[PDB]
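Data first, discussion second: the structure below is written as structure tokens.
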Amino acid sequence: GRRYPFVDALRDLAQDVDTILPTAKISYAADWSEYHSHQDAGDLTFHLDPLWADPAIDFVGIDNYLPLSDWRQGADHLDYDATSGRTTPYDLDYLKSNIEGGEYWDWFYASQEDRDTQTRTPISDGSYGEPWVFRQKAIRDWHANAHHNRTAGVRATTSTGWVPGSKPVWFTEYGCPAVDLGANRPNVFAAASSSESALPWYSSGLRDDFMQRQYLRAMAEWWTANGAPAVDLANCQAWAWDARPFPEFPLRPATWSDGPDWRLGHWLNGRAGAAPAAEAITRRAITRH
Amino acid sequence: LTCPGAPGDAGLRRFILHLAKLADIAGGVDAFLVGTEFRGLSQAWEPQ
Amino acid sequence: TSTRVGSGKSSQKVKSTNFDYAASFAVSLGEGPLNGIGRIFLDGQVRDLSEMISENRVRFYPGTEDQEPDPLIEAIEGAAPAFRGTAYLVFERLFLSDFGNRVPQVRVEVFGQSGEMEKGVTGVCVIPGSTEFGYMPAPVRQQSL
Amino acid sequence: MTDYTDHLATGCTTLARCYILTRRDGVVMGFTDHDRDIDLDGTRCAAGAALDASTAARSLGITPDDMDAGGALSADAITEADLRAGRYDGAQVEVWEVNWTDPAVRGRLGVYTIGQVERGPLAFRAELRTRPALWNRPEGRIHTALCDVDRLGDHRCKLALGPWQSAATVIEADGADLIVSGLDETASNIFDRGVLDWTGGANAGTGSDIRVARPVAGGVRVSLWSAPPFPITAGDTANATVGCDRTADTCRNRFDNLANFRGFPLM
């Protein structure tokens with residue numbers, strides 16, 4: 001049998017925290033793959049936690065950096081503007097459509113070569129009459145239907161998170177990387193040898209606040225678009241905000257990134273929040289003009 | 001918030017509980033987190 | 001104010017009087033609601049916040065169209081000047097007096113309504129980078145290492 | 001008009017574009033280009049003389065384009081007196097292109113606003129300026145001195161309105177100096193700088209500003225800033241409106257809208 005020790009320990013820990021504080025709601029944030037089932041041989045049983053279903057944990061949460069769309073689609077992505085008549089290099093609708101359709105549900109990359117060739121391979125099951133149920137993409141769907149375990153490939157009737165309406169999902173972390181592009185890798189945070197440090201595969205060196213705009217607000221709209229806003233819209237915390245860096249004025253928002261952070265040493269577009277010029281023009285026209 | 005008791009207790013359980021204790025000192029906290037992304041730990045292969 | 005000549009003339013001439021013209025200057029940066037008032041100073045980017053909270057906590061008015069109350073600037077006049085929808089920062093009775101009759105123009109950084117993407121987002125992680133005393137609202141006076 | 005583009009490709013297309021025009025009054029004249037009148041999309045377009053002049057001026061709003069269509073004057077379609085009145089002025093004309101061959105497909109080639117009108121004894125020429133040109137006019141948002149209570153009842157001004165407004169009829173018609181009745185002596189000098197919308201007649205609630213209001217025998221004699229457009233009959237129904245000087249003291253005395261006074265009396 002495969003009872004992961006960390007999860008068992010977590011259940012015990014949850015009870016202890018609840019005892020210390022009734023008010024505190026305990027949530028374990030998880031990878032998008034972890035939220036459903038991380039595909040594995042013999043660990044294909046759903047990674048959805050029995051603990052998430054369990055009462056002691058009071059909330060279910062995701063550290064979600066799952067790509068809204070994948071930048072490595074070559075011409076098919078945001079380089080499709082001339083060919084497909086796409087209006088802008090950064091198009092909100094297109095990324096939103098990609099997540100909704102099934103980014104990484106039908107858009108996973110089988111090989112590094114696939115990323116290099118800029119093509120996404122569809123994944124589907126239907127063996128049990130069920131579509132790929134380990135879809136990284138499904139979250140509202142994951143909440144909507146209790147997801148049965150798939151141990152060792154073979155399907156299991158029992159479902160982790162047996163009640164479909166489990167504790168509400170939490171958008172604990174989300175957002176685009178500081179650099180340009182990065183739709184393909186939104187988990188990129190500057191560092192040394194750690195996993196987050198690695199940049200998106202073909203992302204431009206120049207930083208883009210607009211890419212953050214492409215995530216953040218569009219992602220919120222996408223969640224509203226999702227039929228059930230299981231995710232905590234109120235608590236949709238983005239990855240970065242701070243006091244010390246770039247302190248021309250304590251991380252002032254309308255700046256691309258670095259300011260007089262040189263004494264400290266910093267590199268983050270995310271904490272600062274940009275203001276879009278085009279929208280402002282339209283409202284100004286209506287009233288001021 | 002010095003912790004005596006047992007040295008062995010120090011670690012993740014201690015950290016979470018210590019934070020909970022700090023929250024208790026404050027009084028109450030709306031929400032708590034366990035692990036932001038302990039994926040490797042989450043996939044701990046186990047043989048029963 | 002005058003200075004004593006001591007024995008030769010009058011030794012009682014010296015006085016410690018402060019500079020005059022302390023007033024509730026109000027600077028209206030722009031019409032309409034405004035937010036993010038920061039980095040304001042007459043002669044430079046900023047003055048010590050810890051040292052100075054100015055007058056009545058650096059009184060400023062956002063620009064509420066429906067009504068704007070008067071902190072004794074229009075109140076004294078009575079019934080004619082209450083402002084509406086004007087982003088005016090009121091500096092009252094705070095003459096520093098380092099300057100003379102002239103008072104240096106004060107540049108205040110403010111955010112015009114905008115940032116729709118920012119408006120849409122509800123949360124940002126409050127503190128990814130944490131120092132030894134990380135989240136302390138009061139400045140933590142530090143003894144030299 | 002997508003089919004019309006297909007019709008253009010076939011070459012079997014007969015143009016039936018109709019120049020529907022909505023003025024400030026909102027009366028619509030089809031003025032269809034096609035010689036046989038065609039009713040398109042629920043709008044009858046009579047074959048009134050089409051306005052056709054020289055060559056198409058087309059820029060997609062980068063440059064505002066005034067289209068100088070020249071239309072032979074049609075008495076039914078247009079009246080010179082109304083043009084002088086300006087009811088016609090400010091007209092918005094939408095050019096919808098239709099095919100005589102196919103009635104169903106109608107697409108608006110352009111939306112334009114008549115701006116400059118030149119009249120001739122029997123014919124007229126008009127400039128159909130694009131919407132950006134009107135938008136391009138600059139308000140400027142100036143703020144100084146006088147309160148913005150301004151025109152009463154403005155939403156930003158938030159005037160109380162109510163009691164001060166009055167109803168009156170004209171005892172005599174004297175153009176600018178017409179004597180009016182139904183107005184109290186107290187109302188006079190409070191209606192100074194006011195407006196006198198005339199419900200009766202062509203004006204239909206359109207009122208010349210009253211330059212001065214002075215009470216006289218036979219009812220208050222009202223001196224308007226300008227003579228009313230169209231001849232105004234005596235006894236025409238009228239609406240009497242207060243005039244706001246906008247002096248901060250005046251604003252205060254009359255209405256005291258401290259909440260909404262854009263007044264900076266002392267600087």
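Just so we're on the same page: first chain in the structure tokens is A, next is B, and so on; residues restart at 1 for each chain, and ligands are numbered from 1 in the order they show up.
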Legend entry - Proximal residues of chain A relative to chain C (only C-alpha atoms; 7 Å) as a ChimeraX atom specification: /A:213,216-217,220,234-242,249,273-276,280
Legend entry - Shell of 8 Å around residue B:17, only C-alpha atoms, local chain residues under 3 positions omitted, as number ranges by chain: A: 16-17; B: 13-14, 20-21
Inset, instruction - Identify every residue of chain C that has at least one atom within 7 Å of any atom of chain D, counting only C-alpha atoms, and report the result as number ranges by chain. - result: C: 66-68, 79-84
Just N, CA, C and O atoms for this one: save the residues we selected as a PDB file, in the first residue's frame.
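Result file is again18.pdb:
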```pdb
ATOM      1  N   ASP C  66     -18.928  64.270  -4.018  1.00  0.00           N
ATOM      2  CA  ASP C  66     -20.146  64.588  -3.290  1.00  0.00           C
ATOM      3  C   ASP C  66     -19.968  65.669  -2.237  1.00  0.00           C
ATOM      4  O   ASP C  66     -20.758  66.610  -2.185  1.00  0.00           O
ATOM      5  N   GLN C  67     -18.927  65.556  -1.416  1.00  0.00           N
ATOM      6  CA  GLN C  67     -18.661  66.581  -0.416  1.00  0.00           C
ATOM      7  C   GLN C  67     -17.250  66.533   0.095  1.00  0.00           C
ATOM      8  O   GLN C  67     -16.680  65.451   0.226  1.00  0.00           O
ATOM      9  N   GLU C  68     -16.677  67.687   0.412  1.00  0.00           N
ATOM     10  CA  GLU C  68     -15.372  67.682   1.055  1.00  0.00           C
ATOM     11  C   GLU C  68     -15.467  68.599   2.258  1.00  0.00           C
ATOM     12  O   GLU C  68     -15.788  69.779   2.119  1.00  0.00           O
ATOM     13  N   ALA C  79     -19.950  78.753   4.739  1.00  0.00           N
ATOM     14  CA  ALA C  79     -21.062  78.731   3.754  1.00  0.00           C
ATOM     15  C   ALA C  79     -20.803  79.035   2.273  1.00  0.00           C
ATOM     16  O   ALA C  79     -21.730  78.986   1.468  1.00  0.00           O
ATOM     17  N   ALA C  80     -19.565  79.322   1.898  1.00  0.00           N
ATOM     18  CA  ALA C  80     -19.262  79.536   0.481  1.00  0.00           C
ATOM     19  C   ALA C  80     -18.147  78.711  -0.172  1.00  0.00           C
ATOM     20  O   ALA C  80     -18.216  78.428  -1.368  1.00  0.00           O
ATOM     21  N   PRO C  81     -17.108  78.323   0.595  1.00  0.00           N
ATOM     22  CA  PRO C  81     -16.023  77.633  -0.107  1.00  0.00           C
ATOM     23  C   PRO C  81     -15.861  76.130   0.082  1.00  0.00           C
ATOM     24  O   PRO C  81     -14.793  75.649  -0.280  1.00  0.00           O
ATOM     25  N   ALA C  82     -16.826  75.400   0.628  1.00  0.00           N
ATOM     26  CA  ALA C  82     -16.572  73.976   0.803  1.00  0.00           C
ATOM     27  C   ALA C  82     -16.316  73.396  -0.568  1.00  0.00           C
ATOM     28  O   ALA C  82     -17.100  73.599  -1.494  1.00  0.00           O
ATOM     29  N   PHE C  83     -15.222  72.660  -0.700  1.00  0.00           N
ATOM     30  CA  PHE C  83     -14.847  72.132  -2.005  1.00  0.00           C
ATOM     31  C   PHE C  83     -15.525  70.832  -2.375  1.00  0.00           C
ATOM     32  O   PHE C  83     -16.004  70.113  -1.504  1.00  0.00           O
ATOM     33  N   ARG C  84     -15.621  70.551  -3.666  1.00  0.00           N
ATOM     34  CA  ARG C  84     -16.155  69.264  -4.088  1.00  0.00           C
ATOM     35  C   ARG C  84     -15.253  68.645  -5.142  1.00  0.00           C
ATOM     36  O   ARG C  84     -14.863  69.313  -6.098  1.00  0.00           O
TER      37      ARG C  84
END
```
Legend entry - Selection: 9 Å around residue A:141, only C-alpha atoms, excl. self and same-chain fewer than 5 positions, as a list in words: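 Near neighbours after the sequence-gap exclusion: residues 146, 226, 227 and 228 of chain A.
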Expected file contents, prior selection, N, CA, C and O atoms, as a PDB file, in the first residue's frame:
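The resulting file, out05.pdb, is shown below:
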```pdb
ATOM      1  N   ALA A 146     -16.191  14.740  -7.603  1.00  0.00           N
ATOM      2  CA  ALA A 146     -15.243  14.086  -6.721  1.00  0.00           C
ATOM      3  C   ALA A 146     -14.376  13.223  -7.603  1.00  0.00           C
ATOM      4  O   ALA A 146     -14.876  12.552  -8.508  1.00  0.00           O
ATOM      5  N   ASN A 226     -15.100  30.713 -14.700  1.00  0.00           N
ATOM      6  CA  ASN A 226     -15.303  29.353 -14.225  1.00  0.00           C
ATOM      7  C   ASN A 226     -16.651  29.336 -13.550  1.00  0.00           C
ATOM      8  O   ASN A 226     -16.988  30.255 -12.803  1.00  0.00           O
ATOM      9  N   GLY A 227     -17.424  28.279 -13.774  1.00  0.00           N
ATOM     10  CA  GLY A 227     -18.778  28.256 -13.250  1.00  0.00           C
ATOM     11  C   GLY A 227     -18.854  28.352 -11.748  1.00  0.00           C
ATOM     12  O   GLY A 227     -19.695  29.073 -11.214  1.00  0.00           O
ATOM     13  N   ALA A 228     -17.975  27.647 -11.051  1.00  0.00           N
ATOM     14  CA  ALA A 228     -17.948  27.773  -9.610  1.00  0.00           C
ATOM     15  C   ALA A 228     -16.672  28.484  -9.250  1.00  0.00           C
ATOM     16  O   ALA A 228     -15.590  28.043  -9.630  1.00  0.00           O
TER      17      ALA A 228
END
```
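Residues of chain A lying within 10 Å of chain D, counting only C-alpha atoms, are residues 285, 286, 288 and 289 of chain A.
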What would the file look like if the residues just selected were written as a compact mmCIF listing (two decimals), in the first residue's frame with N, CA, C and O atoms?
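What ended up in out26.txt:
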```
# COMPACT_ATOMS: atom_id res chain seq x y z
N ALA A 285 -11.94 59.87 -22.16
CA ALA A 285 -12.63 60.40 -23.31
C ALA A 285 -14.09 60.59 -22.96
O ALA A 285 -14.65 61.64 -23.24
N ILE A 286 -14.68 59.62 -22.28
CA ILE A 286 -16.11 59.71 -21.99
C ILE A 286 -16.44 60.91 -21.12
O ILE A 286 -17.40 61.63 -21.39
N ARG A 288 -13.91 63.45 -19.34
CA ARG A 288 -13.10 64.65 -19.45
C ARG A 288 -13.29 65.33 -20.79
O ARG A 288 -13.38 66.55 -20.86
N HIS A 289 -13.33 64.53 -21.85
CA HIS A 289 -13.45 65.10 -23.18
C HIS A 289 -14.89 65.08 -23.65
O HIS A 289 -15.18 65.48 -24.77
```
Using only C-alpha atoms, find each residue of chain A with at least one atom at most 7 Å away from an atom of chain B; report its shortest atom-to-atom pair and that distance in Å (one decimal), sort the rows by chain and rising residue number, and return the result as JSON lines.
```
{"residue": "A:1", "atom": "CA", "partner": "B:48", "partner_atom": "CA", "distance": 4.2}
{"residue": "A:2", "atom": "CA", "partner": "B:46", "partner_atom": "CA", "distance": 4.8}
{"residue": "A:3", "atom": "CA", "partner": "B:46", "partner_atom": "CA", "distance": 5.8}
{"residue": "A:4", "atom": "CA", "partner": "B:44", "partner_atom": "CA", "distance": 5.0}
{"residue": "A:5", "atom": "CA", "partner": "B:44", "partner_atom": "CA", "distance": 6.6}
{"residue": "A:6", "atom": "CA", "partner": "B:42", "partner_atom": "CA", "distance": 5.9}
{"residue": "A:7", "atom": "CA", "partner": "B:42", "partner_atom": "CA", "distance": 6.4}
{"residue": "A:17", "atom": "CA", "partner": "B:20", "partner_atom": "CA", "distance": 6.6}
{"residue": "A:20", "atom": "CA", "partner": "B:20", "partner_atom": "CA", "distance": 6.7}
{"residue": "A:21", "atom": "CA", "partner": "B:24", "partner_atom": "CA", "distance": 6.7}
{"residue": "A:23", "atom": "CA", "partner": "B:30", "partner_atom": "CA", "distance": 6.2}
{"residue": "A:24", "atom": "CA", "partner": "B:31", "partner_atom": "CA", "distance": 4.7}
{"residue": "A:25", "atom": "CA", "partner": "B:31", "partner_atom": "CA", "distance": 4.5}
{"residue": "A:26", "atom": "CA", "partner": "B:32", "partner_atom": "CA", "distance": 4.8}
{"residue": "A:27", "atom": "CA", "partner": "B:33", "partner_atom": "CA", "distance": 4.8}
{"residue": "A:28", "atom": "CA", "partner": "B:34", "partner_atom": "CA", "distance": 4.8}
{"residue": "A:29", "atom": "CA", "partner": "B:36", "partner_atom": "CA", "distance": 4.7}
{"residue": "A:30", "atom": "CA", "partner": "B:37", "partner_atom": "CA", "distance": 5.2}
{"residue": "A:31", "atom": "CA", "partner": "B:37", "partner_atom": "CA", "distance": 6.3}
{"residue": "A:63", "atom": "CA", "partner": "B:36", "partner_atom": "CA", "distance": 6.5}
```
Take the residues from that selection and write them out as a short mmCIF file (atom, residue, chain, number, x, y, z; two decimals), in the first residue's frame, keeping N, CA, C and O atoms.
```
data_model
loop_
_atom_site.label_atom_id
_atom_site.label_comp_id
_atom_site.auth_asym_id
_atom_site.auth_seq_id
_atom_site.Cartn_x
_atom_site.Cartn_y
_atom_site.Cartn_z
N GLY A 1 0.82 -1.20 0.00
CA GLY A 1 0.00 0.00 0.00
C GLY A 1 0.85 1.25 0.00
O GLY A 1 2.01 1.20 0.37
N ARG A 2 0.29 2.38 -0.40
CA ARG A 2 1.09 3.59 -0.52
C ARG A 2 0.51 4.73 0.28
O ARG A 2 -0.08 5.65 -0.29
N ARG A 3 0.69 4.70 1.59
CA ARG A 3 0.24 5.83 2.39
C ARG A 3 1.42 6.73 2.59
O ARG A 3 2.31 6.41 3.38
N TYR A 4 1.43 7.87 1.92
CA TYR A 4 2.59 8.73 2.01
C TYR A 4 2.70 9.26 3.43
O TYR A 4 1.73 9.78 3.97
N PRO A 5 3.90 9.15 4.02
CA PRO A 5 4.07 9.56 5.42
C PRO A 5 3.81 11.02 5.67
O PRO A 5 3.25 11.37 6.71
N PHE A 6 4.22 11.88 4.75
CA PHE A 6 4.07 13.31 4.96
C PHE A 6 2.60 13.65 5.13
O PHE A 6 2.24 14.43 6.01
N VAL A 7 1.75 13.06 4.30
CA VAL A 7 0.32 13.31 4.41
C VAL A 7 -0.27 12.82 5.73
O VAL A 7 -1.12 13.49 6.32
N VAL A 17 -3.07 22.12 15.27
CA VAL A 17 -3.26 23.53 14.99
C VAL A 17 -4.68 23.95 15.35
O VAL A 17 -4.91 25.02 15.90
N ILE A 20 -4.89 24.51 19.00
CA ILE A 20 -4.28 25.76 19.43
C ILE A 20 -5.17 26.93 19.07
O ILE A 20 -5.44 27.79 19.91
N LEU A 21 -5.67 26.95 17.84
CA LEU A 21 -6.58 28.01 17.45
C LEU A 21 -7.77 27.46 16.69
O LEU A 21 -7.62 26.93 15.60
N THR A 23 -10.07 29.37 15.44
CA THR A 23 -10.26 30.32 14.34
C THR A 23 -9.41 30.03 13.11
O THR A 23 -9.86 30.23 11.99
N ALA A 24 -8.17 29.59 13.31
CA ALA A 24 -7.28 29.36 12.18
C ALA A 24 -7.83 28.28 11.27
O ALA A 24 -8.31 27.24 11.75
N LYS A 25 -7.76 28.50 9.97
CA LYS A 25 -8.25 27.52 9.02
C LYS A 25 -7.03 26.95 8.35
O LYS A 25 -6.29 27.68 7.72
N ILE A 26 -6.83 25.64 8.43
CA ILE A 26 -5.60 25.07 7.89
C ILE A 26 -5.72 24.62 6.45
O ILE A 26 -6.61 23.84 6.12
N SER A 27 -4.84 25.12 5.60
CA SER A 27 -4.85 24.72 4.20
C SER A 27 -3.47 24.31 3.74
O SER A 27 -2.49 24.98 4.06
N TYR A 28 -3.37 23.23 2.99
CA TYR A 28 -2.07 22.86 2.45
C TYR A 28 -2.09 23.27 0.99
O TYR A 28 -2.88 22.75 0.20
N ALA A 29 -1.23 24.21 0.63
CA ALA A 29 -1.14 24.62 -0.77
C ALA A 29 -0.45 23.53 -1.58
O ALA A 29 0.45 22.87 -1.08
N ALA A 30 -0.87 23.35 -2.82
CA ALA A 30 -0.32 22.26 -3.61
C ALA A 30 -0.04 22.60 -5.06
O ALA A 30 -0.53 23.60 -5.58
N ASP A 31 0.78 21.78 -5.71
CA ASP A 31 1.03 21.98 -7.13
C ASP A 31 -0.24 21.60 -7.86
O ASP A 31 -1.07 20.87 -7.34
N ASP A 63 -1.02 26.46 -4.79
CA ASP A 63 0.00 27.43 -5.14
C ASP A 63 -0.05 27.18 -6.62
O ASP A 63 0.58 26.24 -7.11
#
```
Inset, instruction - Please provide the set of residues having any atom within 9 Å of residue D:7, restricted to only C-alpha atoms, with same-chain residues fewer than 4 positions apart removed, written as a PyMOL selection string. - result: chain D and resi 2-3+11-14+99+101-102
Take the residues from that selection and write them out as a compact mmCIF listing (two decimals), in the first residue's frame, keeping N, CA, C and O atoms.
```txt
# COMPACT_ATOMS: atom_id res chain seq x y z
N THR D 2 -22.31 42.29 -46.34
CA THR D 2 -21.32 41.28 -46.65
C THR D 2 -21.69 40.67 -47.98
O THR D 2 -20.82 40.43 -48.83
N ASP D 3 -22.97 40.41 -48.18
CA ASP D 3 -23.44 39.90 -49.45
C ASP D 3 -23.20 40.93 -50.54
O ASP D 3 -22.95 40.58 -51.67
N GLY D 11 -20.34 41.56 -59.69
CA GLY D 11 -20.50 42.71 -60.56
C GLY D 11 -21.96 42.99 -60.82
O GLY D 11 -22.30 43.99 -61.44
N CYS D 12 -22.83 42.10 -60.35
CA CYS D 12 -24.26 42.34 -60.49
C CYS D 12 -24.77 43.13 -59.30
O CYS D 12 -25.55 42.62 -58.49
N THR D 13 -24.34 44.38 -59.18
CA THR D 13 -24.77 45.19 -58.06
C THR D 13 -25.34 46.52 -58.49
O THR D 13 -24.72 47.24 -59.26
N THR D 14 -26.52 46.86 -58.00
CA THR D 14 -27.04 48.18 -58.30
C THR D 14 -27.12 48.90 -56.97
O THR D 14 -27.77 48.41 -56.04
N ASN D 99 -28.31 47.23 -51.50
CA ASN D 99 -28.31 46.85 -52.90
C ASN D 99 -29.73 46.80 -53.43
O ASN D 99 -30.61 46.26 -52.79
N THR D 101 -30.45 45.21 -55.99
CA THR D 101 -30.55 43.80 -56.33
C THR D 101 -30.91 43.00 -55.09
O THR D 101 -31.76 42.11 -55.16
N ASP D 102 -30.28 43.29 -53.95
CA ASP D 102 -30.67 42.60 -52.73
C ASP D 102 -31.08 43.55 -51.62
O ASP D 102 -30.23 44.17 -50.99
```
Inset, instruction - Find the residues near residue C:59: any atom within 8 Å, counting only C-alpha atoms, skip ones fewer than 6 places away on the same chain, and give them as number ranges by chain. - result: C: 89-91
Just to be explicit: take each residue in the selection above, keep N, CA and C atoms, and write the result as a PDB file, in the first residue's frame.
```pdb
ATOM      1  N   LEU C  89      -4.313  69.069  -0.658  1.00  0.00           N
ATOM      2  CA  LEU C  89      -3.594  68.679   0.541  1.00  0.00           C
ATOM      3  C   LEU C  89      -3.481  69.909   1.399  1.00  0.00           C
ATOM      4  N   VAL C  90      -3.929  69.813   2.641  1.00  0.00           N
ATOM      5  CA  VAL C  90      -3.922  70.990   3.484  1.00  0.00           C
ATOM      6  C   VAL C  90      -2.757  70.967   4.439  1.00  0.00           C
ATOM      7  N   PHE C  91      -1.885  71.958   4.324  1.00  0.00           N
ATOM      8  CA  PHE C  91      -0.763  72.053   5.232  1.00  0.00           C
ATOM      9  C   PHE C  91      -1.121  73.226   6.101  1.00  0.00           C
TER      10      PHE C  91
END
```
Legend entry - Residue list (alpha helix (DSSP H), DSSP) for stretch 75-135 of chain C, as a PyMOL selection string: chain C and resi 116-120
Could those residues be written to a file, using C-alpha atoms, as an mmCIF file, in the first residue's frame?
```
data_model
loop_
_atom_site.group_PDB
_atom_site.id
_atom_site.type_symbol
_atom_site.label_atom_id
_atom_site.label_comp_id
_atom_site.auth_asym_id
_atom_site.auth_seq_id
_atom_site.Cartn_x
_atom_site.Cartn_y
_atom_site.Cartn_z
ATOM 1 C CA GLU C 116 -7.671 48.626 -13.656
ATOM 2 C CA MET C 117 -5.629 45.435 -13.528
ATOM 3 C CA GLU C 118 -4.515 46.475 -10.048
ATOM 4 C CA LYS C 119 -8.122 47.208 -9.106
ATOM 5 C CA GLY C 120 -9.168 43.772 -10.293
#
```
Legend entry - Polymer residues at most 10 Å from residue C:13, only C-alpha atoms, same-chain spacing of 5 or more positions, as a list in words: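 Those residues are residues 1, 2, 3, 4, 5 and 6 of chain C.
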Legend entry - Residues flagged strand (DSSP E or B) by DSSP in stretch 17-56 of chain C, as a PyMOL selection string: chain C and resi 25-31+34-41
Inset, instruction - Do a neighbour search on stretch 67-74 of chain D at 10 Å with only C-alpha atoms, toss out local chain neighbours closer than 3 positions, and write the hits as an MDAnalysis selection string. - result: chainID D and resid 31 48:58 64 77:80 112:130
Create the file for the chosen residues now, containing C-alpha atoms and written as a PDB file, in the first residue's frame.
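Contents of out_23.pdb, freshly written:
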```pdb
ATOM      1  CA  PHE D  31     -32.856  60.589 -49.288  1.00  0.00           C
ATOM      2  CA  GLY D  48     -35.451  62.520 -52.419  1.00  0.00           C
ATOM      3  CA  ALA D  49     -32.599  64.058 -54.334  1.00  0.00           C
ATOM      4  CA  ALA D  50     -29.463  62.267 -53.214  1.00  0.00           C
ATOM      5  CA  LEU D  51     -26.595  64.318 -51.878  1.00  0.00           C
ATOM      6  CA  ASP D  52     -23.764  63.642 -54.302  1.00  0.00           C
ATOM      7  CA  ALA D  53     -20.811  65.976 -54.839  1.00  0.00           C
ATOM      8  CA  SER D  54     -17.199  65.186 -55.736  1.00  0.00           C
ATOM      9  CA  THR D  55     -15.020  62.399 -54.370  1.00  0.00           C
ATOM     10  CA  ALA D  56     -15.023  60.234 -51.266  1.00  0.00           C
ATOM     11  CA  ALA D  57     -12.850  61.429 -48.413  1.00  0.00           C
ATOM     12  CA  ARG D  58     -12.058  58.374 -46.369  1.00  0.00           C
ATOM     13  CA  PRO D  64     -11.653  63.481 -39.117  1.00  0.00           C
ATOM     14  CA  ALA D  77     -36.928  66.992 -46.932  1.00  0.00           C
ATOM     15  CA  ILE D  78     -35.506  70.334 -45.813  1.00  0.00           C
ATOM     16  CA  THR D  79     -36.879  73.745 -44.866  1.00  0.00           C
ATOM     17  CA  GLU D  80     -34.737  76.875 -44.959  1.00  0.00           C
ATOM     18  CA  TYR D 112     -21.296  61.255 -40.079  1.00  0.00           C
ATOM     19  CA  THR D 113     -22.545  64.492 -38.587  1.00  0.00           C
ATOM     20  CA  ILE D 114     -23.573  67.457 -40.691  1.00  0.00           C
ATOM     21  CA  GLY D 115     -21.537  70.442 -39.585  1.00  0.00           C
ATOM     22  CA  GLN D 116     -21.084  73.182 -42.148  1.00  0.00           C
ATOM     23  CA  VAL D 117     -24.037  74.100 -44.298  1.00  0.00           C
ATOM     24  CA  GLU D 118     -23.963  76.404 -47.292  1.00  0.00           C
ATOM     25  CA  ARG D 119     -27.282  77.350 -48.795  1.00  0.00           C
ATOM     26  CA  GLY D 120     -28.157  78.508 -52.282  1.00  0.00           C
ATOM     27  CA  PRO D 121     -31.448  79.838 -53.549  1.00  0.00           C
ATOM     28  CA  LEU D 122     -32.558  76.425 -54.840  1.00  0.00           C
ATOM     29  CA  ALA D 123     -29.817  74.027 -53.662  1.00  0.00           C
ATOM     30  CA  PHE D 124     -27.633  73.300 -50.642  1.00  0.00           C
ATOM     31  CA  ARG D 125     -24.212  71.845 -49.845  1.00  0.00           C
ATOM     32  CA  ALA D 126     -23.337  70.322 -46.460  1.00  0.00           C
ATOM     33  CA  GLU D 127     -20.234  68.934 -44.771  1.00  0.00           C
ATOM     34  CA  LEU D 128     -20.651  65.577 -43.053  1.00  0.00           C
ATOM     35  CA  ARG D 129     -17.925  65.783 -40.415  1.00  0.00           C
ATOM     36  CA  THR D 130     -16.920  62.607 -38.607  1.00  0.00           C
TER      37      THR D 130
END
```
